[PDB]
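Novice: One structure, pasted below without further comment.
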Amino acid sequence: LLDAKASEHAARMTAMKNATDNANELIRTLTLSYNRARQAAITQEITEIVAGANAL
Amino acid sequence: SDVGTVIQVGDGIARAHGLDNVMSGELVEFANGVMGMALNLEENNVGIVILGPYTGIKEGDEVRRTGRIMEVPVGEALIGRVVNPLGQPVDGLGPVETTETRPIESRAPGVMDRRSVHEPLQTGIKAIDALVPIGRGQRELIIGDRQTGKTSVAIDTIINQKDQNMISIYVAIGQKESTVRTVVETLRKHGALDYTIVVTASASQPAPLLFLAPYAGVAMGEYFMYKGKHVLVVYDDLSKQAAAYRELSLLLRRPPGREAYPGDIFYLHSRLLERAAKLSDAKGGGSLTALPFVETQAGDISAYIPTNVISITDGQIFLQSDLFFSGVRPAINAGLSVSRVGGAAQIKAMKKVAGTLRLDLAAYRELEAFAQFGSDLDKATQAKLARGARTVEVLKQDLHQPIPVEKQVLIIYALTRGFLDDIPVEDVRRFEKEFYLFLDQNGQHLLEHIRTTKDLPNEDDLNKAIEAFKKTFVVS
Amino acid sequence: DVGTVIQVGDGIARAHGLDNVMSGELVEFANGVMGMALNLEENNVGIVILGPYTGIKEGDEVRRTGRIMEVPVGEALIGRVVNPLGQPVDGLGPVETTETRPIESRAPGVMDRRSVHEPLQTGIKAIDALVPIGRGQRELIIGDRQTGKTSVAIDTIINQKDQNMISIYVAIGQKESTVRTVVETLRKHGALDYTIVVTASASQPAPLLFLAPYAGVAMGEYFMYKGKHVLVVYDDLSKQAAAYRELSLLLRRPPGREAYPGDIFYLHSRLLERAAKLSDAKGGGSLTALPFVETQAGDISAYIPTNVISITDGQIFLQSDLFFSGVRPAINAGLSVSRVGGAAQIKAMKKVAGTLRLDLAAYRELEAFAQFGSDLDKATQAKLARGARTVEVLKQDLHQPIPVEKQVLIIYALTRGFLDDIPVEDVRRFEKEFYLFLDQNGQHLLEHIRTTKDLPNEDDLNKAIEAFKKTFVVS
Amino acid sequence: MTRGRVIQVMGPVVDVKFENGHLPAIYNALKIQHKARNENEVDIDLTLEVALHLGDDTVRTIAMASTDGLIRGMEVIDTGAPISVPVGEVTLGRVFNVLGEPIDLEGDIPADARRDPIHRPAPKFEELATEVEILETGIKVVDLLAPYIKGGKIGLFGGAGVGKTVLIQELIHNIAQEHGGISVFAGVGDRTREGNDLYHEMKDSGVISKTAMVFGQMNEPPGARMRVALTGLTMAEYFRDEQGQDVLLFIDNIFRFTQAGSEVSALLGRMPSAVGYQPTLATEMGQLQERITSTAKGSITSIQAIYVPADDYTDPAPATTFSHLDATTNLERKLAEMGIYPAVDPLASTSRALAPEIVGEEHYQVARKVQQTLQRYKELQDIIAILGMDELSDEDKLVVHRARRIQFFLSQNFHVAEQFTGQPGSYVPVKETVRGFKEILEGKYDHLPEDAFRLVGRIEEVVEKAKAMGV
Amino acid sequence: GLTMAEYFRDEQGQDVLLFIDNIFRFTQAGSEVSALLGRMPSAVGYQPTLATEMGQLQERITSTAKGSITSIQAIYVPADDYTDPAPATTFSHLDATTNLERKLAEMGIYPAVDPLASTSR
Ligand SMILES: Nc1ncnc2c1ncn2[C@@H]1O[C@H](COP(=O)(O)OP(=O)(O)OP(=O)(O)O)[C@@H](O)[C@H]1O
Ligand SMILES: Nc1ncnc2c1ncn2[C@@H]1O[C@H](COP(=O)(O)OP(=O)(O)OP(=O)(O)O)[C@@H](O)[C@H]1O
Ligand SMILES: Nc1ncnc2c1ncn2[C@@H]1O[C@H](COP(=O)(O)OP(=O)(O)OP(=O)(O)O)[C@@H](O)[C@H]1O
Ligand SMILES: [Mg+2]
Ligand SMILES: [Mg+2]
Ligand SMILES: [Mg+2]
């Protein structure tokens, strides 16, 4: 039982550590796509400002 | 002099030469016979937005000056009809004897003239009447994505006003004209159409008629408020009005701004939304509550029209599409919806139960947002998760079936005081159904005290009533 | 009828005069470089200049050719390398074509065309099995840098031989080394005998980038109206779109999505629907066109990819992720489809090659779900084993076109499962030694497929599989 | 003097200069007849539509065929009326260009035929009707989640390459055989290949006798593409008014009407809006869509497709047209790549006909409970990507279990698919659909392998597939 | 409001508080006036002269030798992201800032001010 409870706390420690690694990787990919989407929106806005400025 | 010649006719706009004594917002009449609203008084040519069909007009035509300014017909005759913003009937049933006319644009009531908002506008929608209360004179946005429940909530409001006096109005801007017909027949079928006016501008209509529709609707509402009767105005989509302004301004060659919306937009909506009031006893005690709606694109926020309107209105309800497709109806997020007037408007019985319900649901909103993913938690949190799940299931409701306030407080009281622990989450929409029948078979005195007193009945007798019903109801 | 230049705006110019000009007319300056009149405002003509523009100065003189965008076409053109104005750049000699076609042609109407009756045989296993082509179809080949697009284009053009299958390769915005390396690869394989090559390169100004596909199809239209088959490759259309954006913004036209004007749909559509399969009343000719587009980081959801994907009758998507994982080449089954399938294939292929692509797509999504969790045996067994064996069967090496008879035999052995007992690296040794075995032992079946164009009788098709069990190795 | 002169050309746009007092009204049409007088010129016959006045007698006009060849000082005549379409009984079985001339090789229309304006005001509120009932059409998802409406607008929304035209061809194969009413098919922004394939499909089935057809194509200049939609609609309007039959209208791709407006608007001379579109987006698109209405006189049902400019629905042209449609189908690329066809978005499909009164209680409960399981499955997909499948329990385990099977069983083998794939197609009754999805939600067939549920008609066919795979 | 508070400091020479109810509306009124005047936007559409106008206002609030004009101002932060130009331009001028968070207000503890996020000199 002592080895079982110790190995449980090891198994949870490693499983929670790996799960944290998976959460971190996903956050990275999402941040890259969010930055790309925001920069695309801002560059469209700037293109509208130029199109207004020459049209008037 | 005051007769002029047209020198462009494109796109639903015109330009004209002459008209020296013209005024901003004046009416000018074309030789074809339709008339236009002068809106840019530039250095040598007058801009003239055209109402009605524009296809007949040609350059070289003449415009005469009507001398009048924009006015709406008003009377008691309009109640029960469907009408055009210019004031004409479009429903059959013949002409309407409107005794007099009011201006479209005029000054609102001053700061002194108003009073505090202290009497409720009961809607029959449990999650609003409990958690986001409305009081007469309040202005509150409902903003959500398409197909979430903007018009169903409006219609439940107009249907519930049979029991308490309200000369309600409903303005449809840009709509598909067959949808307007489905709405009107729904108001007729629920027996509710004879105390209300419906104003229609359909999608086919030329741009200025979409733009002027809420201004004329409120011009109809305020006459009844000056008489002293409570009023309610609904604008079915303000965003389509804003878009009609954009297209009208861009064709007029006005310097644009964010997106391309002209810089005047916030002023134009404030001119619309600050006529709503609760006049003082010296002025008659009336009201003009307003419910504007805005459709956000994909859960967009921080955009130009939504941030403008969210700054103007004294509260906002936010509807979530991912809530709707998860079974909560009407879907209302308690987390992002706020009412600055709230607490004061509610009846005293409701104030006691609805104040604690806000605390309960806020506490579980955070605990569930993170701790639901893990299977097992602390006992005290499993209890708070159970209470929150029952709370959201007990706040689900049907379509076009308003619940009177008397039986709302008795279900919310049963929820907060924890009488629903024994009953399973799936069976609750049946616990409500079988309980409200029991509450009309027994307990009429409780409801009568609440009806006029606005007061919670003695807690001994209320618990005796709920315990007897819990004897009758059969658990799955 | 004489006019003078009055601006010189970095390749655009404008003129005062030219009183009787008409839109599209060629005007040629005292320099001798050609100019294309686009717009006619009330006072001046907008003249796009084709060729070296640096030698132009204000107050130069403009004279008229009298003709509308006429590109020379004749039999004398075959074999040579020319620019889009039809002048030779290979230094072999002049070109003696007698007459000219317009760059601007009205496409054949709904009554003129026909269903696509016959295949165009690439010899590439993955194309001919999964995403077949037939004469007069237009099909987009799309991918990122260094993914093998020209290798597929040159494989297809080199595989066409015994047929009178006239072919064209148009280089748009391309490095002169790469164009010269292939004009020598086509000479090496002798395939340069019947094809024409048109080159416009990056140093050339944008006016000569955007026109080059129109000259490629204008050359094809002479042959297709006469009655012969054709094939066109445009080496990249995304550079045509970029050249149009650059020209449009040198003019004062307001941008749209990603600064591209809305005119980008009309440009490509005016390019691609001249490709056709004319009917007997018109003369039965054909003009299949294979355009290419370059994706940036695989973004098939961007504006120009979807713009062109709306116009074309299919797409092939070539994948970097598989390619740099050693699968030279690889096709992404779920992204690549042909809308003329079945009609183009031979009947034997319809019997063997029908459902295979949806089998791959199901394998791709099962692989994703297989990452997260446990699986059921009949799903693991059927869809992952067959999916891996399918991709391993369809991989093929450089410059080895396979005749359709041998593809039909391996596709039959895949879909009916006759190879499922042989795994992994043994499968590509299996299908090599299978072709090396049947080359001399399959004469009856091979002539049967060549003449009857149908799946052979299953008892002798099984005779091939029976003998290959004896011939094939233990592993 | 009613003859004019071209003064400027700018591509699609041309600017005429009529003498004073004879300016045509907006939407009138003008003719170009020019003798090729000298060895340099090119003869042309072209017609122009007036789209703005611009002062000093100038009018700005859209050409209906390519402007290659026009000259400053060349003459223009005035027809006096809108682009005039010949309509009546003789239209059925014929194919027209946008201008109302036949192209079908069969012959030319008798000159005695009444010919009608394309531009006229929409029907009013008193004239409409709202008696709403199911246009039962056998497409398994559309028969469940978003039931189509007889006499109502129906919309197909998708990106390029997702499967809109295959769905329209299955709809013609199921409906247009049994409808018993005039069908008008108009091609706007249409591939010429699909036009030929349809004309041969209609002849091979004999269906061409009752229907009539109008075509414009991707290779046409934008003005023709815009005015094909209006020329098709004017035909359907005459048949539902004068003859009183129910009418079926198909428009092949209505987005290309708005896009062609986007092209020709900037040259006309009016500032951009939210992403380069013209200012007058919603008014002119609403003007067209508000004509397509089922008055009391006789119903129209109209099935449309709309290409979303990218895989982005927040774009103005999709956004303005989402309001007008009673039942909308959203086709999404991500599902199609999984191989599920037709790729219909279960969560985002909306139709007015869903309502316990219109469908009945048995059918309603099932539409909502199925949408509820798929929405929970989207929530579980994220957390399983972090923790794995092994960590979910109870109500989360069975949602992923049943949402896979439901997501596959909404896929069906179309009767038009037999050319893309060797398969035979099916027709599924509504009752078999509602029983089937009920049976999957109950879990009676949970043991069958998830492979079996793909591209199938009824649960009996799924049992037969699973038996051959060794159940 | 500034010109009134300035008379009381300069003549009476005593501490005169100036309260401004929300300056977010003030920045937006400037953005709309610039667009009406026909200037070109920047950032999230705020006018070019954002820091100049706000500085012109904020710098008069001071403690010169006569006395004081200490001011307490409130700001709406549109969407709980503080990088929007009007808050970000305001943040440099302010000496001490306390952040109000809705979660505490709904918890019913008031005035809702976050202990961890509040800072002063
Ligand atoms: N309380 C409710 N319970 C169940 N379904 C509801 C409820 N309220 C609305 N719905 C459903 O909402 C759908 C239509 O919503 P609604 O008619 O309110 O349009 P909307 O969401 O306001 O969008 P729009 O403004 O475009 O009309 C129908 O399926 C209807 O049954
Ligand atoms: N099937 C193949 N087998 C072996 N080698 C190959 C194969 N396909 C391509 N390669 C090698 O990889 C190179 C890259 O492919 P390719 O040159 O066609 O690039 P690309 O994607 O066309 O880029 P670009 O359009 O710039 O030429 C080929 O030149 C060849 O050297
Ligand atoms: N029900 C189906 N069964 C099998 N394959 C299908 C089905 N629906 C569509 N497809 C396939 O997906 C593609 C659909 O082609 P389709 O003509 O519908 O494109 P599209 O979306 O109409 O393009 P566009 O928007 O430009 O008109 C083809 O590859 C077709 O084989
Ligand atoms: Mg609505
Ligand atoms: Mg290459
Ligand atoms: Mg199509």
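FYI, nothing fancy with the structure tokens labels: chains A, B, ... in order, residues from 1 per chain, ligands from 1 as they appear.
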Could you report the residues within 6 Å of ligand 2, using only C-alpha atoms and all ligand atoms, as an MDAnalysis selection string?
Specialist: chainID C and resid 145:151 328:329 397:398
Novice: Put those residues in a file: C-alpha atoms, as a tab-separated table (two decimals), in the first residue's frame.
Specialist:
```tsv
chain	number	residue	atom	x	y	z
C	145	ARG	CA	7.47	26.29	-52.86
C	146	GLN	CA	9.62	23.25	-53.71
C	147	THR	CA	6.81	20.68	-53.70
C	148	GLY	CA	7.23	19.25	-57.22
C	149	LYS	CA	4.74	21.14	-59.43
C	150	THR	CA	6.97	21.41	-62.52
C	151	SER	CA	8.05	17.77	-62.14
C	328	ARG	CA	8.02	12.10	-53.01
C	329	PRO	CA	5.39	12.89	-54.34
C	397	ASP	CA	9.77	7.94	-58.35
C	398	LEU	CA	11.12	10.55	-60.80
```
Novice: What are the residues of chain D that have an atom within 9 Å of an atom of chain A, counting only C-alpha atoms, as a PyMOL selection string?
Specialist: chain D and resi 270-276+385-388
Novice: Check which residues fall inside 7 Å of ligand 6 when counting only C-alpha atoms and all ligand atoms, and print them as JSON, numbers by chain.
Specialist: {"D": [164, 165, 190, 191, 252]}
Novice: I want to know what sits within 12 Å of residue 89 in chain B, based on only C-alpha atoms, with residues of the same chain fewer than 2 positions away left out; could you give that as JSON, numbers by chain?
Specialist: {"B": [73, 77, 78, 79, 80, 81, 82, 83, 84, 85, 86, 87, 91, 92, 93, 94, 95, 96, 97, 98, 197, 198, 199, 200, 201], "D": [124, 125, 126]}
Novice: Show me, as a list in words, every residue of chain C with an atom at most 6 Å from chain D, counting only C-alpha atoms.
Specialist: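 Here is what falls inside 6 Å: residues 22, 23, 39, 40, 41, 42, 66, 110, 256, 262, 269, 270, 310, 334, 341, 342, 354, 372 and 373 of chain C.
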Novice: For the selection just defined, write its residues with N, CA and C atoms to a file, as a PDB file, in the first residue's frame.
Specialist:
```pdb
ATOM      1  N   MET C  22      -9.239  52.889 -80.659  1.00  0.00           N
ATOM      2  CA  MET C  22     -10.247  52.018 -80.067  1.00  0.00           C
ATOM      3  C   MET C  22      -9.608  51.126 -79.017  1.00  0.00           C
ATOM      4  N   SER C  23     -10.317  50.928 -77.911  1.00  0.00           N
ATOM      5  CA  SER C  23      -9.817  50.105 -76.820  1.00  0.00           C
ATOM      6  C   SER C  23      -9.342  48.739 -77.291  1.00  0.00           C
ATOM      7  N   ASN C  39      -7.839  52.593 -71.636  1.00  0.00           N
ATOM      8  CA  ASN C  39      -8.909  53.535 -71.338  1.00  0.00           C
ATOM      9  C   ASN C  39      -8.898  54.680 -72.337  1.00  0.00           C
ATOM     10  N   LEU C  40     -10.059  55.304 -72.537  1.00  0.00           N
ATOM     11  CA  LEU C  40     -10.155  56.516 -73.358  1.00  0.00           C
ATOM     12  C   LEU C  40     -10.999  57.571 -72.657  1.00  0.00           C
ATOM     13  N   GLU C  41     -10.366  58.312 -71.752  1.00  0.00           N
ATOM     14  CA  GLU C  41     -10.954  59.514 -71.173  1.00  0.00           C
ATOM     15  C   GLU C  41     -11.160  60.584 -72.230  1.00  0.00           C
ATOM     16  N   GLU C  42     -11.755  61.704 -71.833  1.00  0.00           N
ATOM     17  CA  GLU C  42     -12.271  62.691 -72.774  1.00  0.00           C
ATOM     18  C   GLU C  42     -11.166  63.479 -73.460  1.00  0.00           C
ATOM     19  N   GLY C  66      -3.115  49.554 -86.187  1.00  0.00           N
ATOM     20  CA  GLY C  66      -4.400  49.337 -86.831  1.00  0.00           C
ATOM     21  C   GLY C  66      -5.128  48.069 -86.439  1.00  0.00           C
ATOM     22  N   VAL C 110     -22.786  27.313 -74.762  1.00  0.00           N
ATOM     23  CA  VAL C 110     -23.302  26.097 -74.125  1.00  0.00           C
ATOM     24  C   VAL C 110     -23.633  25.013 -75.145  1.00  0.00           C
ATOM     25  N   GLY C 256      -9.276  46.200 -52.846  1.00  0.00           N
ATOM     26  CA  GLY C 256     -10.294  45.395 -52.182  1.00  0.00           C
ATOM     27  C   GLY C 256      -9.754  44.463 -51.106  1.00  0.00           C
ATOM     28  N   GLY C 262     -11.516  43.759 -57.361  1.00  0.00           N
ATOM     29  CA  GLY C 262     -12.531  42.759 -57.701  1.00  0.00           C
ATOM     30  C   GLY C 262     -12.409  42.160 -59.091  1.00  0.00           C
ATOM     31  N   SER C 269     -11.281  34.326 -65.029  1.00  0.00           N
ATOM     32  CA  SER C 269     -12.388  33.666 -65.720  1.00  0.00           C
ATOM     33  C   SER C 269     -12.334  33.919 -67.222  1.00  0.00           C
ATOM     34  N   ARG C 270     -11.938  35.115 -67.638  1.00  0.00           N
ATOM     35  CA  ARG C 270     -11.723  35.392 -69.049  1.00  0.00           C
ATOM     36  C   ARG C 270     -10.543  34.602 -69.598  1.00  0.00           C
ATOM     37  N   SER C 310     -12.870  28.329 -57.680  1.00  0.00           N
ATOM     38  CA  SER C 310     -14.233  28.425 -58.202  1.00  0.00           C
ATOM     39  C   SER C 310     -14.316  28.204 -59.718  1.00  0.00           C
ATOM     40  N   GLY C 334      -8.136  14.351 -49.335  1.00  0.00           N
ATOM     41  CA  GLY C 334      -9.329  15.085 -48.925  1.00  0.00           C
ATOM     42  C   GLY C 334      -9.459  16.487 -49.476  1.00  0.00           C
ATOM     43  N   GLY C 341     -14.779  13.334 -63.135  1.00  0.00           N
ATOM     44  CA  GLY C 341     -14.444  11.936 -62.913  1.00  0.00           C
ATOM     45  C   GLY C 341     -15.467  10.987 -63.501  1.00  0.00           C
ATOM     46  N   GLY C 342     -15.014   9.755 -63.755  1.00  0.00           N
ATOM     47  CA  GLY C 342     -15.831   8.753 -64.413  1.00  0.00           C
ATOM     48  C   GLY C 342     -15.955   8.970 -65.908  1.00  0.00           C
ATOM     49  N   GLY C 354     -12.823   3.639 -58.490  1.00  0.00           N
ATOM     50  CA  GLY C 354     -13.962   4.424 -58.036  1.00  0.00           C
ATOM     51  C   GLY C 354     -13.870   5.068 -56.657  1.00  0.00           C
ATOM     52  N   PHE C 372      -5.875  10.444 -30.022  1.00  0.00           N
ATOM     53  CA  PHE C 372      -6.447  10.687 -28.695  1.00  0.00           C
ATOM     54  C   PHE C 372      -6.632   9.407 -27.880  1.00  0.00           C
ATOM     55  N   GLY C 373      -7.250   8.371 -28.450  1.00  0.00           N
ATOM     56  CA  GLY C 373      -7.745   7.253 -27.656  1.00  0.00           C
ATOM     57  C   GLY C 373      -7.731   5.852 -28.243  1.00  0.00           C
TER      58      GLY C 373
END
```
Novice: Write out as a count of residues only the residues lying within 9 Å of residue 186 in chain D, counting only C-alpha atoms and excluding same-chain residues fewer than 5 positions away.
Specialist: 15
Novice: Tell me as a PyMOL selection string which residues belonging to chain C come within 8 Å of chain A, counting only C-alpha atoms.
Specialist: chain C and resi 254-255+257-259
Novice: Write the selection just made, keeping N, CA and C atoms, as a tab-separated table (two decimals), in the first residue's frame?
Specialist:
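Here's the written file again.tsv:
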```tsv
chain	number	residue	atom	x	y	z
C	254	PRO	N	-9.17	51.65	-56.82
C	254	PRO	CA	-9.19	51.37	-55.38
C	254	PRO	C	-9.12	49.88	-55.04
C	255	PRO	N	-8.26	49.53	-54.09
C	255	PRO	CA	-8.09	48.13	-53.67
C	255	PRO	C	-9.31	47.54	-52.98
C	257	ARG	N	-10.19	43.20	-51.08
C	257	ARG	CA	-9.54	42.18	-50.25
C	257	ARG	C	-8.05	42.13	-50.53
C	258	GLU	N	-7.24	42.25	-49.47
C	258	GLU	CA	-5.80	42.05	-49.55
C	258	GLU	C	-5.17	42.89	-50.66
C	259	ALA	N	-5.73	44.08	-50.87
C	259	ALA	CA	-5.43	45.01	-51.97
C	259	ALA	C	-5.73	44.55	-53.39
```
Novice: Name the residues in contact with residue 46 in chain C at a cut-off of 12 Å, using only C-alpha atoms, excluding same-chain residues fewer than 4 positions from it; report them as an MDAnalysis selection string.
Specialist: (chainID C and resid 4:9 11:18 21:27 35:42 250:252) or (chainID D and resid 8:11)
Novice: Counting only C-alpha atoms and all ligand atoms, what are the residues, protein, DNA or RNA alike, that approach ligand 5 to within 12 Å? I want them as a compact mmCIF listing (two decimals) with N, CA, C and O atoms, in the first residue's frame.
Specialist:
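The resulting out_24.txt:
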```txt
# COMPACT_ATOMS: atom_id res chain seq x y z
N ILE C 141 -3.37 22.86 -60.35
CA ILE C 141 -2.33 22.24 -59.52
C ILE C 141 -1.74 23.28 -58.58
O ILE C 141 -1.17 24.28 -59.03
N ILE C 142 -1.86 23.06 -57.27
CA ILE C 142 -1.64 24.11 -56.27
C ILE C 142 -0.76 23.58 -55.14
O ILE C 142 -0.98 22.48 -54.63
N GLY C 143 0.24 24.37 -54.75
CA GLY C 143 1.07 23.99 -53.61
C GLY C 143 2.10 25.06 -53.27
O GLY C 143 2.19 26.10 -53.91
N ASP C 144 2.84 24.80 -52.18
CA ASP C 144 3.89 25.70 -51.72
C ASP C 144 5.18 25.51 -52.52
O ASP C 144 5.30 24.64 -53.39
N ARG C 145 6.16 26.35 -52.21
CA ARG C 145 7.47 26.29 -52.86
C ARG C 145 8.15 24.93 -52.67
O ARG C 145 8.08 24.33 -51.60
N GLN C 146 8.82 24.47 -53.73
CA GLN C 146 9.62 23.25 -53.71
C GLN C 146 8.81 22.01 -53.32
O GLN C 146 9.23 21.22 -52.48
N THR C 147 7.65 21.85 -53.95
CA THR C 147 6.81 20.68 -53.70
C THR C 147 6.60 19.82 -54.94
O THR C 147 5.85 18.84 -54.86
N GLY C 148 7.24 20.14 -56.07
CA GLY C 148 7.23 19.25 -57.22
C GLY C 148 6.28 19.58 -58.37
O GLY C 148 6.06 18.71 -59.22
N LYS C 149 5.76 20.80 -58.43
CA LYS C 149 4.74 21.14 -59.43
C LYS C 149 5.24 21.00 -60.87
O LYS C 149 4.58 20.37 -61.71
N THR C 150 6.44 21.51 -61.17
CA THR C 150 6.97 21.41 -62.52
C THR C 150 7.36 19.98 -62.88
O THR C 150 7.27 19.59 -64.04
N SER C 151 7.73 19.18 -61.89
CA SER C 151 8.05 17.77 -62.14
C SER C 151 6.83 17.00 -62.66
O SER C 151 6.94 16.22 -63.61
N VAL C 152 5.65 17.29 -62.11
CA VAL C 152 4.36 16.76 -62.58
C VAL C 152 3.97 17.31 -63.95
O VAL C 152 3.55 16.56 -64.84
N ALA C 153 4.17 18.60 -64.18
CA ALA C 153 3.86 19.20 -65.49
C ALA C 153 4.73 18.63 -66.61
O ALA C 153 4.23 18.24 -67.68
N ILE C 154 6.03 18.53 -66.38
CA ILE C 154 6.96 17.97 -67.35
C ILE C 154 6.81 16.46 -67.49
O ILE C 154 6.90 15.93 -68.60
N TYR C 169 4.10 25.12 -73.01
CA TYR C 169 4.55 25.48 -71.67
C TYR C 169 4.83 26.98 -71.59
O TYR C 169 5.75 27.47 -72.25
N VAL C 170 4.06 27.70 -70.78
CA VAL C 170 4.17 29.15 -70.63
C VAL C 170 4.81 29.48 -69.29
O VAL C 170 4.26 29.15 -68.23
N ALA C 171 5.99 30.12 -69.33
CA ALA C 171 6.68 30.59 -68.14
C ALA C 171 6.30 32.04 -67.84
O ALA C 171 6.56 32.94 -68.65
N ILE C 172 5.72 32.27 -66.66
CA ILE C 172 5.26 33.59 -66.22
C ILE C 172 6.04 34.00 -64.97
O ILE C 172 5.98 33.30 -63.95
N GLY C 173 6.76 35.11 -65.06
CA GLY C 173 7.52 35.60 -63.92
C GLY C 173 8.55 34.62 -63.39
O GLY C 173 8.73 34.51 -62.18
N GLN C 174 9.24 33.93 -64.28
CA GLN C 174 10.11 32.83 -63.91
C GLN C 174 11.57 33.11 -64.22
O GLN C 174 11.90 33.79 -65.19
N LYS C 175 12.43 32.58 -63.35
CA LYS C 175 13.87 32.76 -63.46
C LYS C 175 14.37 32.07 -64.71
O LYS C 175 14.03 30.91 -64.98
N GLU C 176 15.19 32.79 -65.47
CA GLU C 176 15.66 32.34 -66.79
C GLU C 176 16.46 31.05 -66.73
O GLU C 176 16.42 30.26 -67.67
N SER C 177 17.12 30.85 -65.59
CA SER C 177 17.85 29.58 -65.39
C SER C 177 16.81 28.47 -65.41
O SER C 177 17.00 27.53 -66.19
N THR C 178 15.74 28.57 -64.63
CA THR C 178 14.80 27.42 -64.60
C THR C 178 14.17 27.16 -65.98
O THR C 178 14.16 26.01 -66.40
N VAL C 179 13.76 28.20 -66.70
CA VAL C 179 13.16 28.03 -68.06
C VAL C 179 14.20 27.38 -68.98
O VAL C 179 13.85 26.41 -69.65
N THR C 181 16.77 25.60 -68.08
CA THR C 181 17.14 24.21 -67.72
C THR C 181 16.17 23.22 -68.36
O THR C 181 16.65 22.23 -68.92
N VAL C 182 14.86 23.46 -68.30
CA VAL C 182 13.84 22.57 -68.96
C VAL C 182 13.88 22.63 -70.49
O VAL C 182 13.90 21.56 -71.10
N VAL C 233 0.11 24.35 -70.25
CA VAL C 233 0.53 24.61 -68.87
C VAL C 233 0.88 26.09 -68.73
O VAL C 233 1.67 26.63 -69.52
N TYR C 234 0.31 26.75 -67.72
CA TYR C 234 0.83 28.04 -67.26
C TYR C 234 1.63 27.82 -65.99
O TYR C 234 1.13 27.23 -65.03
N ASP C 235 2.88 28.27 -66.00
CA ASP C 235 3.83 27.83 -64.98
C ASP C 235 3.55 28.44 -63.62
O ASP C 235 3.97 27.87 -62.61
N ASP C 236 2.87 29.59 -63.57
CA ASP C 236 2.22 30.08 -62.35
C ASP C 236 1.25 31.20 -62.70
O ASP C 236 1.64 32.16 -63.36
N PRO C 291 -3.50 25.18 -65.21
CA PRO C 291 -2.90 26.26 -64.42
C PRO C 291 -2.33 25.81 -63.08
O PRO C 291 -2.77 24.82 -62.49
N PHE C 292 -1.33 26.56 -62.61
CA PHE C 292 -0.70 26.37 -61.31
C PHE C 292 -0.87 27.62 -60.45
O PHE C 292 -0.88 28.74 -60.95
N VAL C 293 -1.01 27.41 -59.14
CA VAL C 293 -1.08 28.50 -58.16
C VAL C 293 -0.21 28.14 -56.96
O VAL C 293 -0.19 26.98 -56.53
N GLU C 294 0.47 29.13 -56.40
CA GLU C 294 1.34 28.95 -55.24
C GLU C 294 0.64 29.41 -53.96
O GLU C 294 0.28 30.58 -53.83
```
Novice: Residues near residue 455 in chain B, anyone? I mean within 6 Å using only C-alpha atoms, not counting same-chain ones fewer than 5 positions away, as a ChimeraX atom specification.
Specialist: /B:348-349,450
Novice: One number please: CA of residue 124 in chain B to CA of residue 403 in chain B, in Å, one decimal.
Specialist: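 Here the two named atoms are 4.7 Å from each other.
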Novice: Counting only C-alpha atoms, collect the residues of chain B whose closest atom lies at most 9 Å from chain A, and write them out as a ChimeraX atom specification.
Specialist: /B:253-260
Novice: Give me, please, the distance in Å between CA of residue 449 in chain B and CA of residue 406 in chain B, quoted to one decimal.
Specialist: 9.3 Å
